[PDB]
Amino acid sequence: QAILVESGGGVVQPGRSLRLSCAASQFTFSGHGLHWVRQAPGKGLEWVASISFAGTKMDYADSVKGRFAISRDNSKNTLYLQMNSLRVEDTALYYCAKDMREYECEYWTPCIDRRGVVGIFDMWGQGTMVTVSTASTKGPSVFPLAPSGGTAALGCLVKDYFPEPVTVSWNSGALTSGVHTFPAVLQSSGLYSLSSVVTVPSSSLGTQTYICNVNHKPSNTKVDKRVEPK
């Protein structure tokens, strides 16, 4: 029944501010408290903030204390997260979450009922990604991974690009057998790298051409690198 849709995520520099929004639908928004939770790449869930149904109680994790502010607008069934003084360590996928308990305002002058949240996250959105980095937009350098029963592996290293993602094809999409493109790794340099690999008949080498087609929209680049036996 209930639906939550986060927006406002992107790539930003440390020290700047960014506001996230969550559009709630198909339940009585004004009657429920709400939560923000984040998951940094390849890690667990980490609670960031909560707000009670009447918006009178606000709670934050000590890691975001003083920097983040949670708010709501019942008129728009929207939950907000104002993130100021952003740090690289704030990089994560941010989820909006509804709290299970429904309340009816019991104290007025508008509602300022102080009954807090129960803390059971009964509905979650798909989340919005926030990336905080000192890096600037940069297309990849593409380096060949040369080969050398009756099979050989070859690929291309797509290195030092920012931000995600890159896409990879082989021979303009005519070669799709045995191809595997790996997830990206984040180097200490703050630039991403990944690799794509294909296994091909060792017999065809020296005659058959294999081209790695790399695309990085953020920097508006298309690279077509040849990978030969050498």
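Each residue number is its position in the shown sequence, starting from 1.
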Quiz item: As recorded in the PDB entry, how many deposited residues are without coordinates between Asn84 and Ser85: none, 1 to 3, 4 to 9, or 10 or more?
Solution: none
Quiz item: Deposited residues absent from the coordinates between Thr109 and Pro110, none, 1 to 3, 4 to 9, or 10 or more?
Solution: 10 or more
Practice problem: Pick between 52-60 and 38-46: the one whose mean CA B-factor in the entry is higher. | Solution: 52-60
Practice problem: Averaging only over Cα atoms, indicate whether 61-69 or 182-190 has the higher B-factor in the PDB entry. | Solution: 61-69
Exercise. Check the PDB entry and point out which of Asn171, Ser177, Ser196, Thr167 has the largest C-alpha temperature factor.
Key: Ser177
Self-check item: Among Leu154, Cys105, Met100, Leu79 - the residue whose C-alpha B-factor is largest in the record
Solution: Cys105
Practice problem: Using the B-factor values recorded in the entry, state whether the Cα atom of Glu6 falls in the lowest, middle or highest third among the modelled residues of its chain. | Solution: lowest
Quiz item: Mind checking which third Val118 falls in for C-alpha B-factor across the chain?
Solution: highest
Exercise. State the tercile, meaning the lowest, middle or highest third, of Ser141 with respect to the CA B-factors recorded for its chain.
Key: middle
Quiz item: C-alpha B factor of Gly33, ranked within the chain: lowest, middle or highest third?
Solution: middle
Quiz prompt | Assigned third (lowest, middle, highest) for the C-alpha B factor of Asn215 | solution = middle
